[PDB]
Amino acid sequence: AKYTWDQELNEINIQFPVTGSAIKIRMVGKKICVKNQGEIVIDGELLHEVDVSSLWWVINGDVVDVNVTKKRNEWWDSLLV
Amino acid sequence: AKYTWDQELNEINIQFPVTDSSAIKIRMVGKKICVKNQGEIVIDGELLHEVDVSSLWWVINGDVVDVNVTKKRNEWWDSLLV
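- The deposited coordinates, according to the entry record, derive from X-ray crystallography at 1.66 Å resolution.

Rendered as structure tokens:
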């Protein structure tokens, strides 16, 4: 497992460890690409639509925390399609 | 001008006006600095010299956000950004 995720009714959160500049994150529509030092963390399509402009991330110690707001307030069964 | 800044020999201070409670987003990684206020970019650049990113702190004083970070080296900076 390269990452974990959790959700609030209106938001998705993704976490992964900093190895060890390096952090590249792009969302276009539902497509999501997260790389860390060239290694792919996630390369897929989110289950539902998000507000791509709301995308934010920070580093807390050894962990990167990524947050994006959902378009629709509903629980997601999974992160990706 | 979206912000102002000043310095001590060992510290950088950045100020900008407010507009709750996820409105203020601040990230520094290495020398890269991103400050957003209600989604609007305040700063998006690279600091002139290295700072201790762990020392980064900010607070709201009335209508003004004050950001402080400690310089790695004790020297005057000609500019805030590269």
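**Here we look at unusual backbone geometry**
Moving on, step 1. The residue after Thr19 of chain A, namely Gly20 of chain A, is reached through a cis peptide bond having omega -5 degrees.
Moving on, step 2. Within the element layout of this structure, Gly20 of chain A appears in the loop between β2 (11-17) and β3 (23-28).
Moving on, step 3. The linkage connecting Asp20 of chain B with the following residue, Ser21 of chain B, adopts the cis geometry, with an omega of -10 degrees.
Moving on, step 4. As for its placement among the helices and strands, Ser21 of chain B is situated in the loop between β2 (11-17) and β3 (24-29).
Moving on, step 5. Of note, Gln37 of chain A is a non-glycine position whose phi angle comes to about 50 degrees, a positive value.
Moving on, step 6. Mapping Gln37 of chain A onto the fold places it in the loop between β4 (31-36) and β5 (39-45).
Moving on, step 7. Judged by its relative accessible area of 48%, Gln37 of chain A falls in the partly exposed class.
Moving on, step 8. We note that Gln38 of chain B has phi near 50 degrees; this positive angle belongs to a residue other than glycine.
Moving on, step 9. Positionally, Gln38 of chain B belongs in the loop between β4 (32-37) and β5 (40-46).

**Describing the pairing of β5 of chain A**
All names here are of chain A.
Moving on, step 1. Relative to β5, β4 runs antiparallel, the two sharing six bridges. Among the inter-strand pairings, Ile32 is bridged to a residue of β5, identified as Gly44.
Moving on, step 2. Remark: two residues form the turn of the hairpin made by β4 and β5, two consecutive strands paired antiparallel; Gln37 in that turn has positive phi of roughly 50 degrees.

Conventions and cut-offs
Residues numbered from 1 in each chain as written, not as in the entry; some residues may be left out. Chains lettered and ligands numbered in written order. Heavy atoms only, no water. Helix = DSSP H or I, 4+ residues; strand = E, 2+ residues; numbered from the N terminus. Buried < 20%, exposed > 50% of the residue type's maximum accessible area, 1.4 Å probe, protein only. Pairing = 2+ DSSP bridges.

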